[PDB]
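In what follows, a structure is listed as C-alpha cells, so that the remarks can point back to it.
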Amino acid sequence: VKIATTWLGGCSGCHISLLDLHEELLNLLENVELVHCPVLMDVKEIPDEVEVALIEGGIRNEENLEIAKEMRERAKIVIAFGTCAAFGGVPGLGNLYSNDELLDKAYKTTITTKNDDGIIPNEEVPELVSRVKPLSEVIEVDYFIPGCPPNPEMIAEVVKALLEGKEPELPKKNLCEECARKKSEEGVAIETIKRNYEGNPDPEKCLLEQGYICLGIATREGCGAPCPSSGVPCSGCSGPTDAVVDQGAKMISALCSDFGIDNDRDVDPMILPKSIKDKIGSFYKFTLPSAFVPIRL
Amino acid sequence: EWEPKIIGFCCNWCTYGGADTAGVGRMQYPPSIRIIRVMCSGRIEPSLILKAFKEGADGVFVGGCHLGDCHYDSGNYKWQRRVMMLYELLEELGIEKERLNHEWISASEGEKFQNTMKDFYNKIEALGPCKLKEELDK
Amino acid sequence: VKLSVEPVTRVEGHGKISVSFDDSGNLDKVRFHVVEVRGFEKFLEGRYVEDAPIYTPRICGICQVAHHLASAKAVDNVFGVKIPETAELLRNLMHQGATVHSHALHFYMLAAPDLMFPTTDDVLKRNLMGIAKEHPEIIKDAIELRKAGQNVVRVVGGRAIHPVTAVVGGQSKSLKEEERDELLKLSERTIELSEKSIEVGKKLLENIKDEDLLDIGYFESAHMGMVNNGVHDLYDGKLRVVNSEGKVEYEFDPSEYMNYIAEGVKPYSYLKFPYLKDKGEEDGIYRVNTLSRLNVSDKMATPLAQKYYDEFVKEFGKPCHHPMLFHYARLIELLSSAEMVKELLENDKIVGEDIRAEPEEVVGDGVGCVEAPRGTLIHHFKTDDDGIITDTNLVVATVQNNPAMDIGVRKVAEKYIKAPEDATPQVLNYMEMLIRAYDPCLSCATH
Ligand code: NFU
Ligand code: SF4
Ligand code: SF4
Ligand code: SF4
Ligand code: FES
Ligand SMILES: [Fe+3]
C-alpha cells in the first residue's frame with residue numbers, strides 16, 4: 001500500500017508524533033510503502049498512484065494550495081493530518097490581522113529588524129493566501145485525524161484501518177470522559193472566571209467548576225486529557241466533536257449557561273464579558289479558520 | 001438598491017406570539033427579517049448567531065419572554081448570559097455589536113415588535129452591508 | 001540555464017536552493033530560499049501573555065519544549081516574579097530531555113543517510129529505511145534515545161509534543177517520587193546510547209573525510225552561545241560571542257540582545273539574515289548551536305561529555321568553523337544533555353512541592369531566553385497593565401544560521417560546479433548536506 005505524506009502551513013508536530021510511534025514505526029513501515037515524505041526521504045516530486053496521503057497543516061500560502069491540488073489528484077484517499085489541516089490550527093489566529101500586517105511586523109517593525117528599503121520578500125517565494133483555510137476548504141478530504149498533534153496510537157489506528165480495508169472511526173465523546181478530575185453530582189456551577197495565573201488550583205476538583213476556562217467540555221476526547229491531569233485547563237487542541245461545527249461558539253454557550261447558575265435570576269450578565277479580555281484567543285485557539293466567522297474584518 | 005438581510009429567532013410563547021399579534025393588527029414594518037421559530041429563547045446560542053453572519057446576514061435578532069415571564073421559567077436567563085459575551089466576541093471579530101439585537105417581547109406586544117423591527121432595520125441600514133461573506137468568498 | 005532543488009529534504013520546514021548560470025555556461029547565482037512564513041510575532045498581539053507558552057510551542061513540532069520554556073521565562077519577567085528552585089530544575093530537566101530527542105532525531109533520521117551514503121544515486125536508499133535495512137541496530141538505538149527523551153518531556157512537561165506545565169510562577173505539577181525513580185533508572189541507558197552515538201558519528205565522519213566532504217561550505221565566522229560562569233549551559237546563563245580567532249567579543253544578559261543582534265532582510269527569502277549590530281552585515285556574521293556553543297564554552301557541565309570535547313579540541317582546535325563538524329558537536333551535546341537528565345534527577349529538590357510562586361504586579365517588558373537545540377532562542381514580549389500582548393519579537397535559533405547556510409551552499413557549488421553538467425544528483429545533494437549540517441528548522445526560523 002503506497003502511502004505518502006506532506007506538510008503545508010503547520011509546524012511539523014504531526015510528523016514528529018508519527019515518529020513518536022517509536023518501535024512501532026518500523027513495524028508500520030514494513031507494512032506500508034512510503035513513496036514520498038519530505039522530512040524522511042529525498043523523493044522531491046509527488047509520485048503518481050498513491051493509495052493514502054497524510055497531509056499536515058492548513059492552507060497558508062499559494063504553494064500549499066498547489067500541493068493540496070496536486071496530492072489530491074495523485075492520492076486515492078486524502079487525510080487531513082492533525083488540527084492545523086483539519087481545522088486551521090494556531091496559525092489560523094493570523095486571520096485576525098491582514099497579511100500586510102503579518103508581513104510588515106516580521107520584516108519591518110520588529111525591534112531587531114533593519115530594513116531601510118522597507119521591502120517584503122516577493123522573489124521565488126509564494127504569496128500568502130487571503131486567510132488560513134482548513135484543507136477541506138480547498139480539496140475533497142476523505143478522513144481526518146484531529147489533535148495538535150494527534151497521539152501516536154491514534155495515528156496508527158487510522159492508518160491500520162485503511163490498510164485492512166476497514167473504515168476508520170474516531171472517538172465521539174467530549175474530554176470529561178477520559179478526564180480523571182472529580183465532577184460534582186449536582187452538576188457544574190461557575191462563580192467567578194479566573195485567569196490561569198490567578199490562584200492555586202485544587203488537583204482533584206474539575207477545573208471548570210473552579211472558574212478556569214477548560215475546553216475539555218467542547219473538545220473531542222482521545223488524547224487522555226493530559227492538561228487537566230497536569231494542572232492546567234484544556235485548550236481544546238483536539239477540536240470539536242462530530243456533532244459540533246464551531247468549537248468556540250459552543251464553548252461560550254456552555255460557559256455562559258453555568259456562570260452564576262446558583263444565582264441564575266439575579267447574577268449580573270456583564271461580569272463574564274468584562275472578565276474575559278481576549279475572547280477569540282480563549283475559545284478559538286486552534287479552530288478560528290473552521291469557525292463560522294473565521295476572520296476579523 | 002441594497003436591502004439588509006436580517007434573520008430572526010423567536011420563542012413560540014412570547015416573541016413569535018408578539019410577531020403574530022403585529023400581523024393580525026396590520027402593524028407594518030420592514031421586509032428584511034425572516035423569523036425562525038424556537039420554543040424558548042434558551043434554544044438560541046452563539047453557534048446559530050455566528051452561522052447566520054457567515055451565511056450573509058447584515059443583522060441578527062433574538063426575541064424572548066421578559067425576564068421572569070419565561071414560559072419555561074428560567075430559559076431566558078441562560079440566553080441573556082450568552083448574548084452579553086457574544087456581543088463583545090462579535091466586536092473582536094470586527095462585527096459591529098449593533099448588528100446583533102436582543103429584546104424581551106411578550107405574546108401580546110405587537111406594537112413593541114413592530115417598533116423594534118423598524119428601529120433595528122434603520123440601524124442595520126445605516127451601518128450598511130456586512131462584508132464577511134464578501135471576504136470569505138474571495 | 002536555471003536549476004532548482006525544491007523542496008530541500010530531510011530538514012524541518014520548506015526550503016529550496018536555486019542554481020543559475022549565465023549564457024557562457026558559468027556559475028552565476030546560488031541562493032538558499034525559505035518559502036514559508038506564518039507571522040506569529042503579529043498574531044500574538046492582543047492575546048493573553050500567560051497564553052504565550054501555549055501558542056509559541058506551535059511554531060515547531062521538534063523544539064516545542066524550547067519555545068514553552070522560553071515564553072515561560074518571558075512571562076515570568078512580565079510579572080515581576082522569580083520562580084522557585086524546584087521549578088527551575090524541573091523546567092531544565094524538560095529542556096534536557098527535549099535536546100536528547102532533538103539531537104537524536106536530526107543525526108540519525110536526517111543527517112546519517114548522507115553521512116552513511118555520501119556517493120549514492122538510489123534516492124530510496126538515502127533515508128532511515130535504507131539505513132535500517134543494512135544497520136537495524138543504529139535506528140533502534142536512535143529510536144530508544146528519542147523514546148527516552150520524549151518520555152522525560154511527557155512526564156515533566158505533561159505532553160511529549162507541546163508541553164503545558166511551564167506556567168506563571170513555575171510549574172503546574174510536581175514530579176512524584178515514583179516518577180523520579182523510574183526516570184532515574186532509565187537515564188543511565190540514555191547515557192550509554194549517547195556514548196555509542198558519538199562512536200557511530202566518528203565512523204561516519206571518517207567516511208565523509210575519505211570522500212573529501214568534511215570541508216563543504218567552509219567559511220570562518222563569529223560564534224554565539226549561552227554560558228554560566230564560562231561553563232556550557234543550555235538553560236541559564238549569559239550569551240557569549242567569540243570571533244573567528246576565538247577572542248571573546250561580547251558577553252551579555254539576554255535582556256540586552258537588541259543592542260548586539262540585528263536582522264537583515266533580502267527579497268529572495270522569507271528567512272531573515274541576522275548579524276552583530278556593531279560589526280555589520282559582512283563583518284558581523286555569526287553562527288549558533290552545537291559547535292558554536294562548544295566554541296564559546298570553556299568546558300562542558302558534565303564529565304563524560306568533557307572528555308570527548310577535550311579530545312575534539314586537540315584534534316581540530318578552538319574555534320572550529322567546519323560546518324560538517326556541527327554533526328559531531330551535536331553528538332557531544334546529545335551526551336551532555338543525557339548526562340544532565342541524570343544529574344538533575346539525582347537532586348532531591350526536583351520532587352519538591354514548592355513549585356509555584358504567586359505573580360506580582362504586571363511590568364510592561366518581558367524577555368525570556370534559552371538555548372534551543374538549534375541555537376539561541378529569544379522570546380521578547382511587551383504588554384499593557386492587564387497583561388495583554390501589545391508587541392512581540394522572536395529571534396529563533398536557525399535564523400541566526402541563515403547567512404551561514406546561504407554562504408555555505410554557494411561555496412559547495414563553487415567547489416563542485418563549473419558548468420550545468422557538473423550539477424549531478426550527488427553534487428546537488430552535497431549542497432543539501434551543507435544545509436543539513438546546521439540542523440535547520442525552517443518553520444521555526446520564519447515563525
Ligand atoms: N531547536 C529549535 Fe527551533 Ni524547530 C529552531 N530552529 C528553536 O528555537
Ligand atoms: S497540528 Fe498542532 S501539531 Fe500538527 S502541525 Fe499544526 S500544530 Fe504542529
Ligand atoms: S477539567 Fe476540563 S475536562 Fe477535566 S473535567 Fe473539568 S472540564 Fe471536563
Ligand atoms: S487536553 Fe485539551 S489540550 Fe491538553 S491535549 Fe487533550 S485536548 Fe489538546
Ligand atoms: S419561553 Fe420565550 S423566554 Fe423561555
Ligand atoms: Fe523573528
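In the text below, chain A, chain B and the rest are named by the order of the sequence lines, each starting its count at 1.
C:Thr446 places a side-chain N or O within 3.5 Å of a backbone atom of C:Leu442 that can act as its donor or acceptor partner. C:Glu333 contributes no side-chain N or O that, together with a main-chain N or O of C:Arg330, makes up a donor-acceptor pair within less than 3.5 Å. The main-chain N or O of C:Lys272 is found under 3.5 Å from a side-chain atom of C:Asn402 such that the two form a donor-acceptor pair. Here the side chain of A:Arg60 pairs no donor or acceptor atom with the backbone of A:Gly9 at under 3.5 angstrom. Of the possible polar contacts, none joining the A:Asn61 side chain to the A:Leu128 backbone as a donor-acceptor pair under 3.5 Å is found.
Residues in residues 286-297 of chain A take part in these side-chain hydrogen bond (donor to acceptor under 3.5 Å, both in side chains) pairs, two or more places apart or across chains: A:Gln247-A:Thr287.
The existence of a salt bridge linking C:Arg31 and C:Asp406 is excluded, since no basic side-chain nitrogen approaches an acidic carboxylate oxygen closer than 4.0 Å. The pair A:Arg195-A:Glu198 fails the salt-bridge criterion, with no side-chain N (NZ, NE, NH1 or NH2) lying under 4.0 Å from an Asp/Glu carboxylate O.
Partners of C:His67 under the ring pair (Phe, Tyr, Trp, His ring centres under 6.0 Å) rule, at least two apart in sequence or in another chain, are C:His379. Partners of C:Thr390 according to the side chain to side chain contact (heavy atoms under 4.5 Å, CB included) rule, which considers only residues two or more places apart in sequence or in another chain, are C:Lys382, C:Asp384. With sequence neighbours excluded, the residues satisfying side chain to side chain contact (heavy atoms under 4.5 Å, CB included) with A:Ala291 are A:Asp246, A:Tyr284. Every residue meeting the side chain to side chain contact (heavy atoms under 4.5 Å, CB included) condition with C:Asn393, not counting sequence neighbours, appears here in chain and number order: A:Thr110, A:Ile111, A:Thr112, C:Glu41, C:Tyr257, C:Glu263, C:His380, C:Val395. Under the salt bridge (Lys or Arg N to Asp or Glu O under 4.0 Å) criterion, C:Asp233 pairs with no residue, sequence neighbours left out.
Cation-pi contact between C:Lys73 and C:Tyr235: present, with separation from the ring centre below 6.0 Å and deviation from the ring axis of at most 45°.
For C:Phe79 and A:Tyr197, the ring centers are positioned less than 6.0 Å apart.
Between the side chains of C:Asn92 and C:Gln96, at least one donor-acceptor pair of N or O atoms lies under 3.5 Å. In this structure, a donor-acceptor pair under 3.5 Å is absent between the side chains of C:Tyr438 and C:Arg374. No side-chain N or O of A:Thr113 forms a donor-acceptor pair with one of A:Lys108 less than 3.5 Å apart. Judged purely by distance below 3.5 Å, without hydrogens or angles, the side chains of C:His447 and C:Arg38 never pair a donor atom with an acceptor atom. Checking A:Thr6 against A:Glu56 by side-chain atom types alone, no donor-acceptor pair falls below 3.5 Å. A donor atom on one side chain and an acceptor atom on the other are found under 3.5 Å apart for C:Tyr286 and C:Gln400. At a cut-off of 3.5 Å, with distance as the only test, a side-chain donor of C:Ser255 or C:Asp253 sits close to an acceptor on the other residue. A donor-acceptor contact closer than 3.5 angstrom is absent between the side chains of C:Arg154 and A:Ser230. A donor atom on one side chain and an acceptor atom on the other are found under 3.5 Å apart for A:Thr5 and A:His15. With 3.5 Å as the limit, one finds no donor-acceptor pair spanning the side chains of A:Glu63 and C:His14.
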(request) Would you check, one step at a time, whether the test salt bridge (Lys or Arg N to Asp or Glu O under 4.0 Å) holds for C:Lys42 with C:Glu45? (result) CA-CA 6 Å; C:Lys42 183 61 178 185; C:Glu45 293 187 4; 3.1 Å; yes
(message) Apply side chain to side chain donor-acceptor pair (under 3.5 Å) to residues C:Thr165 and C:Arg159 and explain how you reach the verdict.
(response) CA-CA 9 Å; C:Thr165 48; C:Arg159 298 190 67 202; over 6 Å; no
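Looking only at side-chain heavy atoms (C-beta outward), A:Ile16 and A:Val39 stay at 4.5 Å or farther from each other.
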